[PDB]
Structures are given as C-alpha cells and as structure tokens.
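I have placed the structure first, in the form of structure tokens, so that the comments after it can refer back to it.
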Amino acid sequence: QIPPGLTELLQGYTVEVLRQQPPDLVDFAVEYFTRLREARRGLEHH
Amino acid sequence: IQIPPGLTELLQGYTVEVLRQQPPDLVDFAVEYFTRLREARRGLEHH
Amino acid sequence: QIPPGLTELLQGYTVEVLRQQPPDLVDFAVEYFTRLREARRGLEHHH
Amino acid sequence: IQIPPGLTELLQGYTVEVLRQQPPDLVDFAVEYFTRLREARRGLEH
Amino acid sequence: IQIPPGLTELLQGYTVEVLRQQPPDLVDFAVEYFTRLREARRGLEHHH
Amino acid sequence: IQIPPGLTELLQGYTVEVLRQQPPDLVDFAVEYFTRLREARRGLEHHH
Amino acid sequence: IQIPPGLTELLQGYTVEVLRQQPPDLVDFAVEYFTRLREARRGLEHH
Amino acid sequence: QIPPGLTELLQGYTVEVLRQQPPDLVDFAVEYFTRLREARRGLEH
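Chains as they are written, first to last, in the numbering used here: chain H, 48 to 93; chain Z, 49 to 95; chain F, 540 to 586; chain V, 17 to 62; chain S, 55 to 102; chain Y, 55 to 102; chain E, 49 to 95; chain D, 1491 to 1535.
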C-alpha cells in the first residue's frame, strides 16, 4: 500500500535529477523539495 | 535512459520511512528526511 | 572502488539508527533492510 | 550527531563483504548478511 | 571488565565469515579478513 | 550453530590484548595482533 | 594423538605475548596472562 | 626466536590437559601454572 502522491513526488525529483545532473543527489533532494514546498505555498496563496 | 548511481537507493530509503512513520505531509517529510540524511552522512564522514 | 548505491544504502540505515535509537543495531539492520525490500516490492507493484 | 558505538564496524563488515562477493543485489545481500551475522552472534553467545 | 565500543561487532563480522567461508586456517584468514576490512574502510573514507 | 574449533580462543586472545593495551584503533590492532600471532606460530613450528 | 579443540590457539596467544612483552619470568607471566584472559572472557560474557 | 624454556613449559601444560581432560582450558591454565609456581618455590627452599 503506497500512499497517494508518493510516486508522483519521486518522479518529479527524478526527472530533474536527469535534466540538471547535480553532482550530489542528497544535496539536490534537500534543495529540490525545499523549492517544491515554496512552489506549493505560492499556489495555495494564489 | 540511465538512472544515475544511488538514486534508486535514495528513493527507496525515503519510501520505507514514509510507510513506517506515516507522515501527514509527504513534502514536509521529504525536506525533513533528506536534511537528516545529509546530516547523518556528515556524521559518518567526520567519524 | 565502492559499488553504486552502497553508501546511499548505508546512509539510509544510519539516519534511522540516529532517529529511532534502537536497543540493538543488528536486530535493527535485519528489520530495516527487510522492510526496505518490502518497500521496493510495493513500489514495483504500484507500477 | 554522535555515531552510536558499534555502528561503523557493522557498516564496514557489510561493506568488505560487498567488495569481496560482488552480490547482484545489495538489499538482498544486506538482508542475508545481517541475518547470518545475528546467527553467528547467537552461536558465540552460547 | 569494560569492553570498548565496536569490539563485539568487529569479532562478529570476522566470525560470520569464518562460518560462511570455512577457511582451512583461522589465523591466515584473520590476517586476510582484517587487512581487507581496513582497505574497505580506506575505500569508504576516500569515497567521501 | 557450529563454531569451529579454536575460534573462540582466537577471539579471546585478541580481546585480552585490546583490554590490556587500549589501542587507538581496533582494526589496525587486529591486523598487527594476528600478523604477530602468525609469526609466533611459525616460531613454535620451527623450534619443533 | 588428538590435541583438544582450542589448545594450540591458547598456546599461540600466550606465546605471541611473551614475544611482545618479553617477561623475564615465563611462569609468572603465564599466571598473569591466563588470569587476564579469563577476566577478558568474563567481560565478553557480561556484555 | 622463541625464548629458552617456553616450549617445555607448554608441553608440561599440554601433557596434563590430555590426561585430566579439564572441562575448561583457561581455568586449567590458571590452575596449572599457579601450582607449577608453588612447586618451583618449594624446590627453591
């Protein structure tokens, strides 16, 4: 039982790892999901 | 397509803890989990 | 040279040891990696 | 962040064996390895 | 007595491989196993 | 589980020296101790 | 002539330490070595 | 280079292990060498 939205979340991270090719995958995870959270807050405020 | 080295392990480590801890928000937990992970990594490297 | 995915795997186990503070590291390893494999299978079953 | 007594030793023991044995799957090998290790510890305790 | 941190784990690691690999000589295998362990450690520290 | 003959003695000998000498690094000392044990054994087998 | 399991390993451990510590009295050192060895075994058992 | 007297010391312990078949080799070592030391003291008086 995979919770709703988990695979989409991981695919968004993945498509960007593939495009941006950041050297550190762990650093990029922190940076990417921080930006995602901010994008969501912008969407929710709008 | 080539998934880069270590990506699949990273996603699966996050996934096991989503299933174990059942967080109320997946994005918040993503920021939390990977921050603690990066810090765990620093701990190991300074050991 | 270390195989791809090895350090990521160890770091995921390490981050949980630090958070969960298990009484026994070996018991936790068995539990942890067993659940990780189950999470992997779940992911693969989903799609 | 203090690495618990014994942790690095466990990780290094698993790692030296990945390097020796070149398992086809690291997760399967982690399950198998730490299971055997617990069985070894049990024998040493008896 | 006061067993230092990591000793039991070290010995269990060696032990699990003695049981697995059934080496004909335990002493030879000890030198062999701990030398490889040390080199694995160097490898892990270099990766970072 | 079947522990092979001589293993637990091997581990206890390493252990009594860890407790006595308090080496800075367990793995480094394991290499040194078991290398030296091998030499001692070679000595005993040549005196024969 | 069968040597019991563990005997040569015992003797070699005492011998390596004679070579390390150069006791001038072999018998005094044996009493101390095997008394310390028993203590060490007791430590491993209560851990 | 094995120091003088070491091998005959181990052989004396070994002959008694084979004969007495002690249940614990370490205990017997403490016992055997403590007794050997008492015997030596005896001989020196």
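For each residue, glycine too, the CB sits at the ideal point set by N, CA and C.
By the criterion of at least three beta-carbon pairs nearer than 8 Å, the segment 46-53 of chain V is not in contact with the segment 60-71 of chain Y.
For residue 74 (chain Z), the CB contacts under 8 Å within the same chain, skipping 5 residues up- and downstream, are 66 in chain order. Our two residues, residue 561 (chain F) and residue 50 (chain E), have alpha carbons roughly 46 Å apart in a direct line. As the crow flies, the alpha-carbon of residue 21 (chain V) is around 33 Å from that of residue 582 (chain F). Note on residue 29 (chain V): 16 or more other CB atoms within 10 angstroms of its CB, so buried under the neighbour-count rule. Under the three-state reduction of DSSP, residue 76 (chain E) is assigned to helix. Under the three-state reduction of DSSP, residue 54 (chain E) is assigned to coil, being neither helix nor strand.
About 15 Å separates the Cβ atoms of residue 1526 (chain D) and residue 59 (chain E), ruling out a contact at the 8 Å cut-off. Within chain H, the residues whose beta carbon sits less than 8 Å from that of residue 581 (chain F) are 48 and 49, listed in sequence order.
Under a 10 Å Cβ-count criterion, residue 89 (chain Z) is classified as buried, with 16 or more other Cβ atoms of the shown protein chains found around its own Cβ. Taking C-alpha positions only, residue 63 (chain S) is separated from residue 23 (chain V) by approximately 8 Å.
At a C-beta separation below 8 Å, residue 94 (chain S) has these neighbours in chain V: 28, 31, 32 and 35. Here the C-alpha atom of residue 76 (chain Z) lies approximately 19 Å from the C-alpha atom of residue 559 (chain F). With a threshold of 8 Å between beta carbons, residue 62 (chain S) makes contact with chain E. Here DSSP, grouped into helix, strand and coil, assigns residue 75 (chain Y) to helix. Here residue 62 (chain V) carries a coil assignment [DSSP, helix/strand/coil].
In terms of beta-carbon proximity, residue 53 (chain V) lines the interface with chain S, with at least one pair separated by less than 8 Å. Straight across, the Cα-Cα distance linking residue 100 (chain Y) with residue 55 (chain V) is about 38 Å.
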